Every structure is written in C-alpha cells, then in structure tokens.
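Here is the structure we will look at, set down as structure tokens.
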Ligand SMILES: *[C@@H]1O[C@H](CO)[C@@H](O)[C@H](O)[C@H]1NC(C)=O
C-alpha cells in the first residue's frame, strides 16, 4: 500500500457484521426509542412490552 | 432463560435449617440458551 495509488488499489478497511438468530434468547437488541411521558390523559401505554 | 433467585438471611442457629418464612427475591436472569443436566458446588480451601 502506498498513498499515491489508484482508487482500485488503495487500502480499504472492511468490517462485516454477521447477524444470526439462534434458539437462545436474543440479547443484542437495538436502542428502542422512548416517547416522553404524558400523565392525566387516556393514552396507549407500552411499558417494557 | 436461567433464573437466579436469592435471599440473604441473618440467622443464629448452629446446625440445621431454621424454621421460618423468607421469600426469595429474583436476582438475575441469564440468557444462556444451553442444556444443563448436572451441577457441582465450588468450594474454597484454607491453606496454612
Ligand atoms: C440435554 O441433555 C440430556 C443429557 O445429556 C439429553 O438427554 C437431552 O436430550 C438434551 N436435550 C437437548 C434439547 O439437547
């Protein structure tokens, strides 16, 4: 690798993420977004499922 | 799911289990996903 190389010969760092689902409980979850809490109104609540 | 429930109790009985009631709180749930059919306690030696 040299810095004066062409774009087809320049070094590229590659990270491959492999996602598998197995019968074990899935623990790598995404960051579920949280809506601000509203009180004293008839709302549809979803608390931890 | 591996459920570990635990309770710490202050007792002063010498030999056997004391007679009483103490409900065990849930401490930790472990995502293990493995087959378990046998177990073994781990102790600690005292060296001098
Ligand atoms: C778990 O292990 C026991 C003893 O080795 C075996 O009889 C049983 O079939 C196993 N279960 C699974 C789902 O592999």
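A quick note on method: Cβ atoms are made from the backbone with ideal geometry, for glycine too, and the neighbour counts reach across all protein chains shown. Read-outs throughout are calculated quantities, based only on the coordinates presented, and are distinct from any laboratory measurement.
Could you check the stretch B:1-35 and list, in sequence order, the residues that are touching a residue at least 12 places away in the same chain (Cβ under 8 Å), closer than 30 Å to residue A:23 by Cβ and surrounded by fewer than 10 Cβ atoms within 10 Å (Cβ to Cβ)?
Those that are touching a residue at least 12 places away in the same chain (Cβ under 8 Å), closer than 30 Å to residue A:23 by Cβ and surrounded by fewer than 10 Cβ atoms within 10 Å (Cβ to Cβ): B:1, B:3, B:6, B:25, B:26, B:28.
Reported count of residues in chain B, each being away from the ligand (no atom under 16 Å from the Cβ) and within 14 Å of chain A (Cβ to nearest Cβ), is 5. Contact map, the stretch A:8-27: residues that are away from chain B (no Cβ under 14 Å) paired with residues that are exposed (fewer than 10 other Cβ atoms within 10 Å of the Cβ) and part of a loop (DSSP other than H, G, I, E, B), Cβ distance under 9 Å, separation 6+ or inter-chain. Pairs shown: A:9/A:1; A:9/A:2; A:10/A:1; A:10/A:2; A:10/A:3; A:11/A:1; A:19/A:28.
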